[PDB]
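J.: Experimental structure and sequence below.
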Amino acid sequence: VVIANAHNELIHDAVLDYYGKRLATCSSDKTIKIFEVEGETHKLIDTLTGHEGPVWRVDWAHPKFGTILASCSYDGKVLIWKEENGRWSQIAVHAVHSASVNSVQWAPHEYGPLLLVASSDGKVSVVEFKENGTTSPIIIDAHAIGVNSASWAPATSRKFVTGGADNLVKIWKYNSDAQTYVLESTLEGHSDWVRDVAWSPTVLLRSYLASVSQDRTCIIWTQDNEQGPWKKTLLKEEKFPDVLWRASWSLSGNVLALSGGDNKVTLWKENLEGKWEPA
Amino acid sequence: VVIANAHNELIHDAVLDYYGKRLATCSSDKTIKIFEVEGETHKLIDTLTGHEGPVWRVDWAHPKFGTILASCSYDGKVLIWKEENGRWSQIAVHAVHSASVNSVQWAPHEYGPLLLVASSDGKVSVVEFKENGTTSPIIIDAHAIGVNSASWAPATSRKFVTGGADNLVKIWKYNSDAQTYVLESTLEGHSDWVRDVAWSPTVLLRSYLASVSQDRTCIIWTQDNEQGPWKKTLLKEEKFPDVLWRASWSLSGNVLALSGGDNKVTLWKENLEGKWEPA
Amino acid sequence: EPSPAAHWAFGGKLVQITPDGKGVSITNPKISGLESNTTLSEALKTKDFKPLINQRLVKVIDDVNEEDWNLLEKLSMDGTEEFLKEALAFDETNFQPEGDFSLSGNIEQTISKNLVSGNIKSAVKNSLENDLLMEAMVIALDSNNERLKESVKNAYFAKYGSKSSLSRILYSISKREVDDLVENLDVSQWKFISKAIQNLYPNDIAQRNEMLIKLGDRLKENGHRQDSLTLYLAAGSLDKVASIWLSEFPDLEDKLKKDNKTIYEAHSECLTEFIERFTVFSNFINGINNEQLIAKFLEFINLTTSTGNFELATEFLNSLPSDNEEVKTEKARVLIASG
Amino acid sequence: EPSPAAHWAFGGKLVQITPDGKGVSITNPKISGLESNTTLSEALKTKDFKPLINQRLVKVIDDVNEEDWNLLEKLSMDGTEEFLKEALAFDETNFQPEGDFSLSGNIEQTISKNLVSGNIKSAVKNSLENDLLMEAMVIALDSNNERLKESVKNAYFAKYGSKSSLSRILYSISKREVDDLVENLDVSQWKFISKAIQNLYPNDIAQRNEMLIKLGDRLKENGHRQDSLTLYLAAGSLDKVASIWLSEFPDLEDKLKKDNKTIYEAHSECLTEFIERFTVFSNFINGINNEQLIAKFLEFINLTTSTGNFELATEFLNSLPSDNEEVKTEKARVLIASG
């Protein structure tokens, strides 16, 4: 199934929603597009407008809140969108960062309608939408140089991993006696900017993290339990041909989808040894 | 019970009939008289006439032939009498002897209407009354001097005892190869005329005879069985005061009634010893 | 010549001629030893043989004779019914199962399966075809099925009614019969074969008495004389009692003849005792067609008429079948003689 | 910079950007090891698990597992009813009396008198109050009187049902009960306690099954696993079979994990075998309210949706109580995802 020419400017993100039927894209044209794919057909449904700069990413929210989509852009702001009564409209706007926002992600539906945001300004913001609408977020300084990604850990006590341009990967946990997310662990292992970080939703004892970097390597970080440390495990002994840009875990099977710069997508799974191989 | 003056001339015989209720007498007046005795009363019923001389004896016949009476007299004849329709009449007359007939007696009713007659002419006659009436008798010479009595033996084969004036007693039995009664035994034992002989009707093995005589003694002759002889047994060791004239056996008990000349009647029975004594 | 010219006549009357030679005198001489039977005449009317019985009892002859009069002495007071009474009568659960156990063997297992499988019929078959009769019986003592509830009884007896007297008795009680006991059970336990007749035939008298009789004969013929009479007394068979007594007659007249009595005293006394003994007995039981009895009945008549007691003579004359001529003739004679 | 920007989405779909940088491409990658379950989808519709059963059987794991699939392999051909059949079934008169005899003793005489005197009741009393039980029983096996015809049984058991296993069994067959066998008779003779339930309660199913169950529990808890399932299969208690299988789950997933399989291959393979084993079994018995079962039901749903086989996923979604929200949510999600 292919939807060629969804945009005329280069596209940076395409995400299907909770039912994996409703597509959504974003690119330099500074717009988002909603699609409806079936067998091998497709129908545009709208074009979201507002961002003053190329749009970097989008994330669909859990259906239990409505039909929402979040986006962020080089313009250093985040826009939420809604499809009420049959038409999309900018409900809220989040802009507390002073540089390009590169990632945005809806927390687990159990936490409510929270949003995880990371920016080149080095900070990360956590945002909920009050009873009235406005937003009173959490802002933390999380990386030097710039933050490129941030992902939520599955639900139990709330944790999320960030990936900065300081080559570091970082786990965060919420604390009461601070009313903020505090730095739980710093994981060193990349020699160049970390482009993305994905926390696997696998519900097994062991937790899985996958970080991708400008150094042409993918690292799977794992933690057996609370007393265990985060163990480093290169996805493969040899570096890759080009820069790895994204990492995505399936919802089941704990299968990793790696997006390279040689515009190639490799798939991996774990084996008896604890080492990865092509799935 | 006494019926004084039944006759004016001396009476020689008084016999009650089969029911012992109808009396009958005879005497020198040459007549017989029928009486009916009850408690201590009596009623003459008639006076039989015909005999030309004193009447010696009478004998009632068995009721199964009618109401008959037989008599005999010094006139040497025998007259039978009947009471048909309420009045007595001379039916037949038997006279084959040439001297006083002294006894007459009806045989046992089994033999039929036979009559045993004994006379001073020394003969004895047996008489039946033919189908028509007349009489064709048996006449036998049975004693010298004269015959005074004759009695029939009970029924089984027919026997009778006679008693003559030759002092002898004699048993007679009927014989076929003679068509007459033949002398079976002569019993000697009296020294003077035998006046009467009575054969007891007792139905015991032993037969009893009683002869009475002018010698003032009574002899009981007995015979155990056919092989036995007639054994002599004086009624009592001492002679009697006067002449014994009659002998009569009861019908049961075998009790002997002796009629003496001292006009006295003695009664006797037999005891364990086989000797007689006053009953 | 003058002479009493005495004669005897019916009724024991003596006819003679008065000394005056002109009168006739009829009388009934007193023969010491011969006396009209008053007691009999008076008891036969007042039907109270207490005195008569008390007379024979106090002057009884041999030992046996005493029993009969005693049998009659007590039968006198207590009455027939009440007599036959006193004469025919007589003198762990739980279990709690415990511990393990198991069906050992094919036999047990097969029968057990039958049971549970609601097949109560086969259980018994499998039981009988083994010496598990006790069990076969237990199963059957639970069902209603008669033929099955009986196929076992006939199986018990089949091999036990011969090794146990009580088994053979059950066999009879079971099969509603007495023929077996009545004919083979020891005569000593007669009071029992007696109850088995009154028990099995309580509403069929003809049969009840045919059996009681069949037993009496057996008793009397096996030393139980006194008892066979009791059974007869209850079967209402005067004929059997009569026959026994007529056979016992001779010997009885002999024991009397040895007792210093003339041939007549013996014969006389004997026939009287028998007649009074028979009369009183026939007066309590439920009872003429026996020849000899008749024959001897006639005999007592004559001895009675000779006593002058024409009344007592007629009484016995009546009881005889007016079908017998001798009975006929004497009936007529006694009439005129008395009338 | 240019990049596929790949993502995974429900249904196991992969979204990426074309190299031209202007197109979106959704697909369902082939993950070696993960394959939609056709056999299940096709057998669940054509209700012919011959192939499915033949698959599990030919690739079974441990020995126990093999029995269950075999239990299902044969249950497949013969059918439920016919199966429970082959699984719950199993592998002198006469006597002639002779000669004299006599009532010896007081006991015998008293009982004998009773009998003849038509007093069948007392005979038994006198019998029991002596060790003449055999007889007491014989008399009773002749009357109709139930209370008496029963006063002896309770007398037999009273002292024997404890010294004989067959006696204790009779005691139960007699008194129309099973409680005793079902709870104490050796588990080895279960095929018997089995017949005593179908025998005593042939027209009362609720009770028939309450007892059959009470037994199954006892078997399974005393080494008779395979058999307790047979009893359950006949009591229509899928719940008991489910519970047993859910407890046996862990150890089963462990034997798989030691067999050179990743934590996922094991978990995956296990839940599948259990679900196919439970589905085929629930298809022959007479049978959701068990939490864990539901919980694990939901689990198989997700593994199925991830295969893209939304149809087989809905099928199991239906069978779950539409009372459970997780069941609710997934019901809705699967809908839109497929619709």
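T.: Here it is on my side, so go on. Residues are numbered from 1 along each chain as shown, chains lettered A, B, ... in the order given.

J.: Where does the stretch 101-250 of chain A get nearest to chain B, residue-wise?
T.: When scored by Cβ to the nearest Cβ, the stretch 101-250 of chain A has residue A:203 as its residue closest to chain B, at 143.8 Å. Quick note: C-beta positions are derived from backbone N, CA and C, even for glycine.

J.: What residues does that residue make contact with?
T.: By Cβ atoms under 8 Å, 6 or more residues apart in numbering or on different chains, the contact list for residue A:203 reads residue A:154.

J.: quick one, phi psi at residue A:3?
T.: The phi/psi pair for residue A:3 (degrees, to the nearest 10) reads phi -120, psi 80.

J.: Return the residues in contact with it.
T.: By Cβ under 8 Å, 6+ apart, the contact list for residue A:3 reads A:23, A:35, A:37, A:42, D:23-25.

J.: and of those residues, the nearest to residue C:261?
T.: Of all the contacts of residue A:3, residue C:261 sits closest to residue A:37, with 155.9 Å by Cβ to Cβ.

J.: The closest one and residue D:339, how far apart?
T.: Computed as Cβ to Cβ, to the nearest Å, the residue A:37 to residue D:339 distance reads 13 Å.

J.: which residues pair with residue A:169 across the strands?
T.: For residue A:169, the beta-bridge partners are residue A:163, residue A:187 (DSSP bridges).

J.: How many neighbouring residues does it have?
T.: Residue A:169: 26 surrounding residues under other Cβ atoms under 10 Å in any protein chain shown.

J.: what residues are up against it?
T.: Contact partners of residue A:169, counting by Cβ under 8 Å, 6+ apart, are A:161-163, A:186-187, A:189-190, A:194, A:197, A:209, A:211, A:219, A:221.

J.: Between residue A:37 and residue D:339, tell me which one has more neighbours.
T.: residue A:37 (21 against 8).

J.: sorry, back to before: with distance to residue B:88 added, can I get the contacts of residue A:169 in CSV?
T.: Converted to CSV, those look like this (distance: Cβ to Cβ, whole Å):
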residue, distance to residue B:88
A:161, 181
A:162, 186
A:163, 187
A:186, 188
A:187, 185
A:189, 188
A:190, 191
A:194, 189
A:197, 183
A:209, 179
A:211, 185
A:219, 185
A:221, 181
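
J.: ok so, going back, just the contacts of residue A:3: which are in strands?
T.: By the criterion of DSSP state E, membership of the contacts of residue A:3 in strands covers A:23, A:35, A:37, A:42, D:24-25.

J.: Reformat these as TSV; add distance to residue C:242.
T.: Below are the ones in strands among the contacts of residue A:3 laid out as TSV (distance: Cβ to Cβ, whole Å):
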residue	distance to residue C:242
A:23	137
A:35	139
A:37	134
A:42	138
D:24	141
D:25	139
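
J.: Considering those residues, which possesses the most neighbours?
T.: Neighbour max across the ones in strands among the contacts of residue A:3 (other Cβ under 10 Å) = residue D:24, 28 neighbours.

J.: from the contacts of residue A:3, which is closest to residue B:255?
T.: Nearest to residue B:255 among the contacts of residue A:3, counting by Cβ to Cβ, is residue A:37 at 165.5 Å.

J.: Go through stretch C:123-142 and flag the buried ones.
T.: C:123-124, C:126-128, C:130, C:132-133, C:135-142 (16 or more other Cβ atoms under 10 Å in any protein chain shown).

J.: tell me which of the residues you listed is nearest to chain A?
T.: Nearest to chain A, judged by Cβ to the nearest Cβ, of those is residue C:123 at 62.4 Å.

J.: element containing the closest one?
T.: helix C:120-128 (DSSP states H and E).

J.: Could you list the domains of chain C?
T.: Chain C breaks down into these domains under automatic domain parsing: C:1-30, C:38-88+C:230-338, C:106-203.

J.: ok, and does the second one reach over to chain D?
T.: No. Using Cβ under 8 Å from any Cβ of the partner chain, domain C:38-88+C:230-338 stays clear of chain D, with a minimum separation of 11.2 Å.

J.: That domain close to chain B?
T.: Yes. With Cβ under 8 Å from any Cβ as the criterion, chain B is reached by domain C:38-88+C:230-338 at C:260-264, C:302-303, C:306, C:333, C:336-337.

J.: Going through those residues, which ones are buried?
T.: Restricting the residues of domain C:38-88+C:230-338 next to chain B to buried positions leaves C:261-264, C:303, C:306, C:333, C:337, with burial counted as 16+ other Cβ under 10 Å.

J.: could you point out which element follows the helix or strand harbouring residue C:41?
T.: Using DSSP H and E, residue C:41 maps to helix C:38-46. Next along the chain after helix C:38-46, taking DSSP H and E as the criterion, comes helix C:50-58.

J.: which strands and helices sit next to the helix or strand that that next one is followed by?
T.: Once the chain leaves helix C:50-58, the next helix or strand it forms, by DSSP H and E, is helix C:63-78. With contacts taken as 3 or more Cβ pairs under 8 Å, 6 or more residues apart in numbering or on different chains; DSSP states H and E, helix C:63-78 sits against helix C:50-58, helix C:80-88, helix C:225-235, helix C:263-282.

J.: Give me the phi and psi for residue A:86.
T.: Main-chain dihedrals, residue A:86, degrees, to the nearest 10: phi 110, psi 10.

J.: Now the residue in the stretch 51-200 of chain C that chain A sits nearest to. Nearest residue, chain neighbours left out?
T.: Using Cβ to the nearest Cβ, the closest approach of the stretch 51-200 of chain C to chain A is made by residue C:100 at 47.8 Å. Nearest non-adjacent residue to residue C:100, counting by Cβ to Cβ, 6 or more residues apart in numbering or on different chains: residue D:186, 5.9 Å away.
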